[PDB]
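**Q** My sequence and its experimental structure, below.
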Amino acid sequence: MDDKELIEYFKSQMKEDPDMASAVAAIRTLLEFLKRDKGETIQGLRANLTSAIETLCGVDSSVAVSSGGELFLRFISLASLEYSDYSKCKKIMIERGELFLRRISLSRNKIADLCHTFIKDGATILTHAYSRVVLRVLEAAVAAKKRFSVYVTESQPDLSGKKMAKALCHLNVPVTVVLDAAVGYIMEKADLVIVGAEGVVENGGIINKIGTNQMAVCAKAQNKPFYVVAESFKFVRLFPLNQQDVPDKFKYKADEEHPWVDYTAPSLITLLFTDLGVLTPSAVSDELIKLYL
Amino acid sequence: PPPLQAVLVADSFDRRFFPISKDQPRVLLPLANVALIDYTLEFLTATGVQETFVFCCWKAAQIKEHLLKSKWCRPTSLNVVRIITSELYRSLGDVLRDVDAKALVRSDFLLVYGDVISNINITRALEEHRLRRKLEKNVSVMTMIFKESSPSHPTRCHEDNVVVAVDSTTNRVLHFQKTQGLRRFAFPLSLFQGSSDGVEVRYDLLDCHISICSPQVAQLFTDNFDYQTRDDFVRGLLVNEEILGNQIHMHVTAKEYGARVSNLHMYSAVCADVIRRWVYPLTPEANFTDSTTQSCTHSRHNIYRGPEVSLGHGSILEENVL
């Protein structure tokens, strides 16, 4: 498994079903890799897993991948090992990783059943990008016979908002794709703004697609309560303080131009959504130091 | 302190809900998707009544088979209904002759017509009335219950106002009178002869029938067959005040509601009223009758919503829409 089988398997895991977060694919590929052990020594195993995470982030530096792989390493070796033989231990590790991936598969539906009690009747949801989490929570809100409309912003670099508008009018919900610049205009008629994080640092903010900071600060200007959905494999360990404090290994993702992902402080966010529950962005700090152990 | 009986008629003898009454009696009409009998029974339960001798004279089978789906039928709740179906009695005079014949009530029975909507906590007025009794040798008889309103509230279908001269110091009644057409208002000076200290006429009052009573009310009715309504009882008692006068007593409370849907118009009023929380506790989503067919979820402008509504795209519910 000299890391070309790794990346080709990751791309296979991508194109088989593009919808899912890159990170659950990362954890699945790391687990399959772990099965392709060729050696039972705890130390060279975790060193191999760290090299694997590194060669993973070398193609999909979305904060998802690193966060998830590190959480994977955190949760594999939780209980004791007593590796008197080191092979039954690897059995235990595959078992524990499988349990972890089950929790990751339950993340989405837990979000759906905890959140849609918050979209009151006759509102106008606003989002920003193809947050499959926001798509499924919106589905589990409409299919509960709630009533609302929805606006979405095209998010210029890759017009993800348009793709979500397609896959949302495919759900028969009144949807309008407004220009990404117009987040200020609409910010007054849209009651609450839901958006899906792709990284949740210790303070409580998020690290989401480029058009988020302006949206958070506008929806704090005109006092429209903010909500960000963020599953439990995107609890990063960073701590930016400004825009220049998100490392280049997270911003550009490419390898007089444009960034891709950026910060939003935990004052411009009202309530965060995890499968740990509903949290106020300080709970991010507490439950994150408790989740990473 | 003896228990608190409360007789309760279950259909108005002058039937006004024609033709609709022929299907089901008024006391089975859906006021706000609830039977008026449930409103009045919840009321008697709120006041503190142990027994509701529900008397029936029409469609009494339907009433029985519906009231056996109550919360008062089962001995869980304290207010233990005791249905009585008949056809021999034809008026409330006849109802109270029926009572004195069956010798049911000890005292203080809250004579209450079928479809009274209210939340009154009579215990204050009731305490004052029992005081009048215990102090002055059970002369006081029917301490009624009236509620202030202005004469133009939509809860006043002109066919149902009142004019009442009361001795405001002991708050007793001196002259009752309907006004369903009398553009004038007559008054015998004897009331002032009786009021040697200052009478007070009132017209803002609105009736609720919640009148307290006595064994003496039955002992009276059993003498005079000619009675046909508690109002004629009032008048008869108000003309023959020579011996053991038995002066009626008015008593009014302000913060609470009260009515009796006795036509289509006053029904429209009390319905669009109870929708607007005007009678709390007895609201429409508190589901005081805990039947799962009538759960509801409040919203802006009281637009309620029960289970499985599925409003279509564009139905602008404005207000009060159960």
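**A** Right, received. Where do you want to start? Numbers count the residues shown, from 1 in each chain, chains lettered A, B, ... in the order given.
**Q** ok, the nearest residue in space to residue A:93 that is not next to it in sequence - contacts?
**A** Closest residue in space to residue A:93, ignoring its immediate chain neighbours: residue A:76 at 5.1 Å, by CB to CB, 6 or more residues apart in numbering or on different chains. (Each C-beta comes from the backbone N, C-alpha and C, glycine too.) By CB atoms under 8 Å, 6 or more residues apart in numbering or on different chains, the contact set of residue A:76 is A:34, A:49, A:93, A:96-97, A:100.
**Q** ok, of those residues, which one's closest to chain B?
**A** Closest approach to chain B among the contacts of residue A:76 (CB to the nearest CB): residue A:100, at 38.8 Å.
**Q** What number of neighbouring residues does that closest one come out with?
**A** Number of residues near residue A:100 (other CB atoms under 10 Å in any protein chain shown) recorded here: 20.
**Q** rewinding a little: got the contacts of residue A:76 as CSV, with secondary structure columns?
**A** Formatted as CSV, the contacts of residue A:76 follow (DSSP: H, G, I helix; E, B strand; the rest coil):
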residue, secondary structure
A:34, helix
A:49, helix
A:93, helix
A:96, helix
A:97, helix
A:100, helix
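**Q** Most neighbours among those, which one is it?
**A** The most crowded member of the contacts of residue A:76, judged by other CB under 10 Å, is residue A:93 (25 neighbours).
**Q** these two touch, right, that residue and residue A:31?
**A** No. At 9.3 Å, residue A:93 and residue A:31 do not qualify as touching, with contact defined as CB atoms under 8 Å.
**Q** how far away is residue A:116 from chain B?
**A** According to CB to the nearest CB, to the nearest Å, residue A:116 and chain B sit 15 Å apart.
**Q** Give me the neighbour count for the nearest residue to that residue once chain neighbours are set aside.
**A** Closest residue to residue A:116 apart from its sequence neighbours, by CB to CB, 6+ apart: residue A:141 at 3.7 Å. Residues near residue A:141, counting by other CB under 10 Å, number 22.
**Q** contacts for the helix or strand hosting residue A:141?
**A** In the assignment (DSSP states H and E), residue A:141 maps to helix A:132-142. Residues outside helix A:132-142 that contact it (CB under 8 Å, 6+ apart): A:19-21, A:108-109, A:111-113, A:115-116, A:119, A:125, A:127, A:148, A:150, A:164, A:167-168, A:171, A:173, A:194-196, A:229-231, A:273.
**Q** just stretch B:81-90 next, same as before
**A** For stretch B:81-90, contacts defined as CB under 8 Å, 6+ apart pick out B:13, B:41, B:51-57, B:60-61, B:63-64, B:67, B:70, B:72-73, B:94-95, B:97-98.
**Q** what's the domain layout of chain A?
**A** Chain A breaks down by curated CATH domains into domains covering A:4-109, A:110-292.
**Q** Go through the ones you listed and name the closest to residue B:22.
**A** Closest to residue B:22 of the domains of chain A, according to CB to CB: domain A:110-292, at 38.6 Å.
**Q** First-to-last residue distance for the closest one?
**A** 20 Å (CA to CA, to the nearest Å).
**Q** can you pull out the strands in chain A?
**A** Ranges of strands within chain A are A:123-126, A:148-153, A:175-178, A:193-196, A:206-209, A:226-229, A:261-264, A:271-274, A:277-279, based on DSSP state E.
**Q** Let me know which of those is the nearest to residue B:165.
**A** strand A:123-126 (57.7 Å).
**Q** What residues are bridge-paired with residue A:272?
**A** Under DSSP bridges, the beta-bridge partners of residue A:272 are residue A:228, residue A:279.
**Q** quick one: it and chain B, what's the gap?
**A** Per CB to the nearest CB, residue A:272 is found 27 Å from chain B.
**Q** How about the stretch 201-322 of chain B: which residue is closest to chain A?
**A** Closest point on the stretch 201-322 of chain B to chain A, by CB to the nearest CB, is residue B:310, at 5.6 Å.
**Q** Just list the residues touching that residue, thanks.
**A** Neighbour list for residue B:310: residue A:145 [criterion: CB under 8 Å, 6+ apart].
**Q** Check for me that it belongs to a helix.
**A** No. Counting by three-state DSSP, residue B:310 falls outside a helix, being coil.
**Q** Could you pick out the buried ones from the contacts of helix A:132-142?
**A** Buried members of the contacts of helix A:132-142, counted by 16 or more other CB atoms under 10 Å in any protein chain shown: A:20-21, A:108, A:111-112, A:115-116, A:119, A:125, A:127, A:148, A:150, A:164, A:168, A:173, A:194-196, A:229-231, A:273.
**Q** which one of the contacts of residue A:76 sits closest to residue B:163?
**A** Nearest to residue B:163 among the contacts of residue A:76, counting by CB to CB, is residue A:100 at 81.9 Å.
**Q** list the contacts for the closest one?
**A** Neighbouring residues of residue A:100 by CB under 8 Å, 6+ apart: A:27, A:71-72, A:75-76.
**Q** Then residue A:124?
**A** Applying CB under 8 Å, 6+ apart, we find residue A:124 in contact with A:148-151, A:189-191.
**Q** Now with 7 Å, please.
**A** Contacts here follow CB atoms under 7 Å, 6 or more residues apart in numbering or on different chains; on that basis residue A:124 touches A:148-149, A:151, A:189-191.
**Q** before we move on, what about residue B:283?
**A** For residue B:283, the contact set (CB under 7 Å, 6+ apart) comprises residue B:277.
**Q** mind listing what's buried in stretch B:140-159?
**A** Here stretch B:140-159 shows B:140-147, B:155-157 as buried, counting by 16+ other CB under 10 Å.
**Q** filter the residues you listed by proximity to chain A?
**A** Among those, no residue is within reach of chain A (CB under 7 Å from any CB of the partner chain).
**Q** quick check, nearest of those to chain A?
**A** Nearest to chain A among the buried residues of stretch B:140-159, with distances taken as CB to the nearest CB, is residue B:155, at 31.4 Å.
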